[PDB]
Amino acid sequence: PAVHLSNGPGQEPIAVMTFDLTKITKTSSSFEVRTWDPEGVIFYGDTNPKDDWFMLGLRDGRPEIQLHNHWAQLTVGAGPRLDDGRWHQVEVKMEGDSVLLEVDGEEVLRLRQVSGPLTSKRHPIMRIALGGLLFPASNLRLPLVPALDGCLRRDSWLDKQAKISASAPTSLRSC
């Protein structure tokens, strides 16, 4: 079962989850995505939308990560185009001080020395938003148009042990 990553004209995420970082052990997430859209947000995460935030999206068909925290601030593209209408496996892992991006079983990007441990963030509540940002797109380091006309399936985010809340799936729309 797959869900649409955008619902209608709005830019809002289709879903938000929140996690207690004092209870994280697994610091990775995995999902499959399918789209013909070259630009948009796949997911956004933060502990503070002003001071500690992360965005995985597509620009010109390829993955783009933007992140802004006390240790690093960056806008980076990598990997193959994904806007070919095929399902693609994506894994985004925090390992040590690094963020790893794997696409279709291949590591395509490693941002080294970019974060302290999730355990120790100043604010111990992490949000993950699917298909949109939790601030205006103009707040990005490099704006894009967030709407991603795509589908998401087989998605797991950190683990249930850490999860405090998840948005109502009443609004989710099947693909």
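Note that residue numbering begins at 1 and tracks the sequence as displayed.
As listed in the deposited structure, the average C-alpha B-factor of 100-108 and of 79-87 is greater for 79-87.
Comparing 9-17 with 154-162, the higher mean C-alpha B-factor in the PDB entry belongs to 9-17.
Take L134, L130, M55, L118 and read off each C-alpha B-factor from the entry; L118 has the highest. Out of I65, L142, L148, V114, it is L148 whose C-alpha atom has the highest B-factor in the PDB entry. Sorting the modelled residues of the chain by their CA temperature factor places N69 in the middle third. Among the modelled residues of the chain, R59 sits in the lowest third by CA temperature factor in this PDB entry.
In the deposited entry, the Cα temperature factor of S30 places it in the lowest third of its chain's modelled residues.
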